[PDB]
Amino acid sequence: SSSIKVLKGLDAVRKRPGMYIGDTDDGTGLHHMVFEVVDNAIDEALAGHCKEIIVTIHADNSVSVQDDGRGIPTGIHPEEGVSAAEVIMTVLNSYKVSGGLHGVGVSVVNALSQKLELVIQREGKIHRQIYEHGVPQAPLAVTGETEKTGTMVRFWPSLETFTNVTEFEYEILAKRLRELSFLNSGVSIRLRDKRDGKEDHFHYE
C-alpha cells in the first residue's frame, strides 16, 4: 500500500536528513526548510497567480509561509485515493553551502517537522490538514467557507533532526528572502519576526 511506501520514504529522509535538506548542525538545513516552502509559493507567483508571500517566525520557533495564490489542489485523483495536497505533502545536499543546495520538495520539510499544518483556501472553502513527521492526523477536510484563495504552511522543525543551530536567524532569512524577491522580480515578500517585532518587505519593481 501507499501508506507503507509513504512511511518508508519519510523514514529514509529522517535517517539521512543532511542528504536531503542540508547540514543539520550548522543551520543550513534548518533555514533551507523555510526556503523549500517558499520556493513553491514563488513558482505560483512567477506563473502570475500570487502577488504576495508572507513569512512569519513565531515565538514557539515555528515558521509559517503564506501566499495569496490559487491554493494547492484539494480533489482526490483516482490513482492515489487521497487529496492531491496530501500526495504533494507526503510523497518523495550533505556538504552544500547556502545557495549551492538543490531543491528537494516539501515532503522532506514535512518528514523533518515534529508538526506541520497545511491550510488551503480554494474554491470557496477553507481546507486543513495536520501532520506529525509526515503522518497525517486525518484526511484533508473542509473547516469553513471563504472568498479568499491561497496556501499556508506552518512547520515546527524536529529537534530529533536539528541540533546546535535550532532557532531561526532573522538575518539569514532576510538576506535570502531579499535575494529571492530580486531573482523573481515583481513578487512581494514580507518577513515578520514575532519574537522581536522586526519586519521587512522585499519587492523589486
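The first residue of the sequence shown is number 1, and the count goes up from there. Between two forms, the rigid core is defined as the largest C-alpha subset superposing within 1.5 Å.
Rigid core superposition in 6 other deposited structures of this protein puts the Cα atoms of one stretch, out of 139 to 147 and 32 to 40, farther from the shown form on average, and that stretch is 139 to 147. With each structure aligned by its rigid core, the stretch whose Cα atoms sit farther from this model in 6 other deposited structures of this protein, between 83 to 91 and 69 to 77, is 69 to 77. Looking at the other PDB entries for this protein, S98 is absent from the model in a third or more of those that include the residues around it. According to the record, 4 to 9 deposited residues between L92 and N93 are left without atomic coordinates. Averaged over Cα atoms, the B-factor as recorded in the entry is higher for 76 to 84 than for the other of 125 to 133 and 76 to 84.
Stretches 16 to 24 and 193 to 201 differ in mean C-alpha B factor, with the higher average recorded for 16 to 24. Across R154, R176, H49, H58, the entry's maximum B-factor at the CA atom is seen for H49.
Highest CA B-factor among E147, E171, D43, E36, as stated in the entry: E147.
Compared with the other modelled residues of the chain, the Cα B-factor recorded for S107 ranks in the middle third.
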